[PDB]
């Protein structure tokens, strides 16, 4: 999904609000902040109501301006609440009643997702690959800066996981794929307009094709 959450390479932001080894304070800065993660795990592990991938996607589905003005932990309160409603566990009415006011949620999905790709290639370390020139309106674990770009495999995972584009929509056809550490030259991604060296993106097999 080409949402505003796909921030890598966006220009115009100011300084990162940190200097190295500065005091970051306690893990949680407010008494509610542990709730999003804890209730996400309740949803995933206890209720079996949704996957972790569905949590990433529902946050991607926040209305874009809403996403941009919402603090991190609050995005997950909104996302987890949205999933609880979508999965029929809770109603928005009862959330708003308990909250004592408006509790707007993420927007409905505009894609049913897609299955794990039928035809993929097992790549080897050192092999040149291109990121498939594909557009996916639902969940995808490919930041746009690498779409269509060429890099070299530095690692093939020894484990396999469900394809995010499927499990992020709760589909039954996510299968399993390894992922690949794909090293791109900075210039491949940003031409002259970068001060970096290389960027390594961890890409599912189904996002890749042989180069040339």
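Numbering follows the first chain given and starts at 1.
Across the two stretches, 113-121 and 99-107, the PDB entry reports the greater mean Cα temperature factor for 113-121. The stretch with the higher mean CA B factor, choosing between 23-31 and 158-166, is 23-31. When the C-alpha B-factors of 144, 69, 47, 55 are read from the PDB record, the largest value belongs to 47. Residue-level inspection of the entry shows that, of 128, 139, 75, 132, 128 has the top Cα B-factor. In this PDB entry, the Cα temperature factor of residue 175 sits in the top third of its chain's modelled residues, the highest group. For residue 152, the recorded CA B-factor ranks within the highest third of the chain. Only modelled residues enter the ranking.
Ranked against the other modelled residues of its chain, the C-alpha B-factor of residue 209 as given in the entry falls in the highest third. Annotation for residue 196: C-alpha temperature factor in the highest third relative to the rest of the modelled chain, per the entry.
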